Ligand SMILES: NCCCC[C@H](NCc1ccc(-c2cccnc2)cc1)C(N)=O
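Single chain ahead, written as C-alpha cells, the form solved without this ligand.
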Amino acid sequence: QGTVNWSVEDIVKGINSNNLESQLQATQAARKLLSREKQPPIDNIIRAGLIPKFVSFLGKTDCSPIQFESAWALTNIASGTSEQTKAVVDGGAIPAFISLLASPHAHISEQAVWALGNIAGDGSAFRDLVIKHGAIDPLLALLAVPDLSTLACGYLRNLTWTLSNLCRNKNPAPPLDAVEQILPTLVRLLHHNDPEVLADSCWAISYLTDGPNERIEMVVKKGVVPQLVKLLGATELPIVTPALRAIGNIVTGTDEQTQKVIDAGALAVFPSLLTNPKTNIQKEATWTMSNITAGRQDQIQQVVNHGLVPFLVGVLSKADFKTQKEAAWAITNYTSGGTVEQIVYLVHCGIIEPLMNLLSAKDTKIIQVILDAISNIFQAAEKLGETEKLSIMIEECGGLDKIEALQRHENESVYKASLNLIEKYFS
C-alpha cells in the first residue's frame, strides 16, 4: 500500500483532478498523514484548502470508501485545537456527518459518530450547534436495540462517548429538553457490562449532575442512584472516578436528594474510598463526606453509624494536604449541624489532636475553617459545662500554643477568632 507518506502538494493534485478514483486515493493519503503519531500536519492540510473538499465527499453515496476516508480525515482534524475544530465546522461538516449517521455501512456512521463526538466536545457552543442540526435523534436511533450486547464493542463505545460529550460543559449547560431526550438511553447504558461504556456513562451522568438542583433532580428522578452506588464499588478506577464524582455532585443538592444516596447504601463504600490509594478518589470521597455532614442531624447520624468518623479522623491525621483541607470542612460542617452527643462523639474519636496540627499549615482558608470548628466544639462543651476538660485537652497536645501564637497571624477574621477563643476559654 503506497498511499503512505504523500506530500501535501501531492494530496492536493489528486483531490483536484477530475477523477473520482484519483481523489479517493489522495484522500486516503490525507487520512494516513493525519493518522500519524508525531505531529500530523493538520494545519497545512487546513491551509491547503482541503476541508470543503472532504466535506463534499461525505455526500458521495456511490463511493462509500471516499465517504469513509474523508470522514476519518475530518474526524482527525476535528480532534485538534478548537481552531482546528472550528475549521471543520466552518466547512459545513455538521449536517454532512448527521446525514451519515444513517449510512448503511456501520464503519462509516461510526466515523460520523466519532466526528460529531469531537465537535460536540469542543465546548458548549458547538455542542448546542450539533444539537440544533438535530444530531440527537439519529444517534439514539442507533441504540434502539432490544439488547445492547448485539452491537459491536467499539461502536457502542463511540456512541456512549459522543453522547457523554452532548452532556458535557456547563456555560450554559446542554438544553433541558435535549437532556430529557438523552437520559433514558444513558440510563440503559449505565447498566451495560462494558467497563468502557460504564466509565463514559458515568461521566455523562456526572456532567448532568454538576449544576443546580433541578438538574440533579432530572437525574435522581430516573432512579440511577442505586446503580451509581453499585458502580462506586467497582474494581476499575476509570469507573470509580466518574461514579464518585456523580455521587459527590448529587449530595451538593437538597437534603432529600442527599438521602437518596444514603438510602442507596453509599456510605458503606466510604471506609474504603476514604482510604483509597489513589489520591484523587480520597479528595473526592472526603469532599463528598463534607457535603453529607452539611445535612440534617439524622444524616449526620448515619455517617456516625457507618463509623465514618474514625475515617475522617484518619483522613485529618494523614492525607495529602488537599484532602486534609476537605476533611477540615467535613468536620466544621459536622460540628455545625450536629447534636451535642454527636459533637462529643467526634471528640471521643480523637478529632482534637489531628485538627490542632493543622493550625500550623500556611494556608489561610483552612485555619478559619478549623477555628470555626473549635469554636463550635466548645459551644457543645458549654452546653455540658465542660469547656474546662476540653481546654485542658487542647493544651496537652500543643494546640494552645498554636492558637495563642495565631493572634499575630496577619488575616483579620483569623486573629479575632483566636483572640475570642483565648479570651473566652483560656482565662
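Residue numbers run from 1 along the displayed sequence.
Note that the form solved in complex with this ligand isn't included here; everything after this is about it.
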Pocket accessibility when this ligand, as posed in the bound PDB entry, is superimposed onto this form, judged at 2.4 Å from backbone or C-beta: open
To verify the annotation, which of these, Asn357, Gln342, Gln302, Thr252, has a non-hydrogen atom within 4.5 Å of this ligand in the bound PDB entry? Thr252
Identify which of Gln227, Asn276, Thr258, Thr241 has a heavy atom within 4.5 Å of this ligand in the bound PDB entry; exactly one of them does. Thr258
Given the stretches 306-314, 180-188, 323-331, 345-353, which is the single one in contact with this ligand in the bound PDB entry, using a heavy atom cutoff of 4.5 Å? 323-331
Quick check on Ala294: any heavy atom within 4.5 Å of this ligand in the bound PDB entry? yes
Report whether the minimum heavy atom distance between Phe270 and this ligand in the bound PDB entry is within 4.5 Å. no
